2 protein chains.
Amino acid sequence: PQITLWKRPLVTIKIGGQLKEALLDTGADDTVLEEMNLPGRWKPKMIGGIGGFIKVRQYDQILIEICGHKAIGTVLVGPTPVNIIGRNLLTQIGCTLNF
Amino acid sequence: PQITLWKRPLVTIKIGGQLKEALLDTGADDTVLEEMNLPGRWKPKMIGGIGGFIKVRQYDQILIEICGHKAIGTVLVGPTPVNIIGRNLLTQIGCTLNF
Ligand SMILES: CC(C)CN(C[C@@H](O)[C@H](Cc1ccccc1)NC(=O)O[C@H]1CO[C@H]2OCC[C@H]21)S(=O)(=O)c1ccc([C@@H](C)O)cc1
């Protein structure tokens, strides 16, 4: 679809069999989700935001559905204030900015 | 134009008479710019994201040109690692997400 930006671009995502709300975040290189339980193995990693760096759990090759569009990529899980869908997954669903 | 998301959506902007590079960020409600000594009245504010908060100065009715599209609105100035064009200005330049 075409999404205007007078409101937050929030979408329902499907991950690990559970639905969640997440923000389509073109300023995020990576996808970062709030604390949750995901199956499979993970490795500790660091990510930086506007306020500094946080420790996260990196799950690779995770199946995630975004507005019915399927993606398989890295998902970082940690103390983010907001579930954000970053460019690593926005590219998989064919997302672009237009003006 | 159409901006794909393989790389960071960086564009050239003009603010306070200076050219800068900034991120077109659908994940940001408002616009945050690197420290700069803008004239006029401002008020202090704290803004938060991954890693915590930073202190910024809020200027209102600031003119920014974004790839030739003029816009005027609120701008936060402080020690952000990158210039961030948020939805408050993205709407004004007719920017949409499309997939
Ligand atoms: C909800 C999101 C978290 C909000 N944020 C915008 C995101 O798009 C940030 C933008 C950004 C890009 C690069 C360095 C630091 C911050 N991206 C980001 O955290 O992504 C991380 C994951 O992927 C990696 O790549 C990038 C950095 C890593 S915010 O910046 O915290 C922000 C907070 C308050 C306001 C008020 C004024 O409205 C405006 C903006």
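Note on numbering: positions run from 1 along each chain as its sequence is written and may not match the entry's numbering; residues without coordinates are not listed. For naming, the first written chain is A and the first written ligand is 1, with later ones following in the order written. As a rule here, side-chain values cover all heavy atoms of the structure and leave hydrogens and water aside. Residues with missing side-chain atoms are left out of burial classes, side-chain pairs and their counts.

For this deposition, the record names X-ray crystallography as the technique by which the model was determined and cites 1.989 Å as its resolution.

In the nomenclature of the PDB entry, chain A corresponds to Protease NL4-3 from the organism Human immunodeficiency virus 1.

A. Region of the structure containing the side chain of A:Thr31. Residues and elements named next belong to chain A. With respect to the helices and strands, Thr 31 occurs in the loop between strand 3 (18-24) and strand 4 (32-33). Buried, partly exposed and exposed residues are distinguished by accessible area as a fraction of the type maximum, computed with a 1.4 Å probe on protein chains only: under 20%, between the cut-offs, and over 50%, respectively. Using a relative accessible area of 0% as the deciding quantity, one classes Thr 31 as buried. We call two N or O atoms a polar contact when they sit within 3.5 Å, provided that within protein one can donate a hydrogen and the other can accept it, with sequence-adjacent residues counted only if both atoms are side-chain atoms. A polar side-chain atom of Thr 31 sits 3.0 Å from the main-chain amide nitrogen of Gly 86. By the convention used here, residues are in contact when the closest approach between their heavy atoms is within 4.5 Å. Beyond its immediate chain neighbours, meaning those up to four positions away, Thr 31 contacts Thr 74, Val 75, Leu 76, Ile 84, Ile 85, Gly 86, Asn 88 and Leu 89. Secondary structure is summarised from DSSP: a helix means a run of H or I of at least four residues, a strand means a run of E of at least two, and numbering begins at the N terminus for each.

B. Layout of the site of the ligand. What surrounds the ligand is a group of 27 residues, the closest being A:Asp25, A:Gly27, A:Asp29, A:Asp30 and B:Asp25. Whether a residue is near a molecule or strand is decided by its heavy atoms; if any one of them lies within 4 Å of it, the residue is near. Site remark: the ligand is flanked by residues from chains A and B. Between the ligand and A:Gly27 there is a distance of 3.0 Å, counted from a nitrogen atom to a backbone nitrogen or oxygen. Between the ligand and B:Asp25, the relevant distance is 2.5 Å, taken from an oxygen atom to a side-chain nitrogen or oxygen of the residue. The method behind every accessible area is Shrake-Rupley, applied with a 1.4 Å probe, and residues are considered shielded solely by the protein chains displayed. Here the ligand loses 91% of its free accessible area of 770 Å² to cover by the protein chains. Among the elements that make up the shell around the ligand, the one with the highest residue count is strand 5 (residues 43-49) of chain B (3 residues). Along the lines of polarity and charge, the residues of the shell around the ligand split into 15 nonpolar, 6 polar and 6 charged. Amino acids are sorted into nonpolar (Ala, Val, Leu, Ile, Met, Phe, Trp, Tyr, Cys and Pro), charged (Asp, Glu, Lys and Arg) and polar (every other residue, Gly among them).

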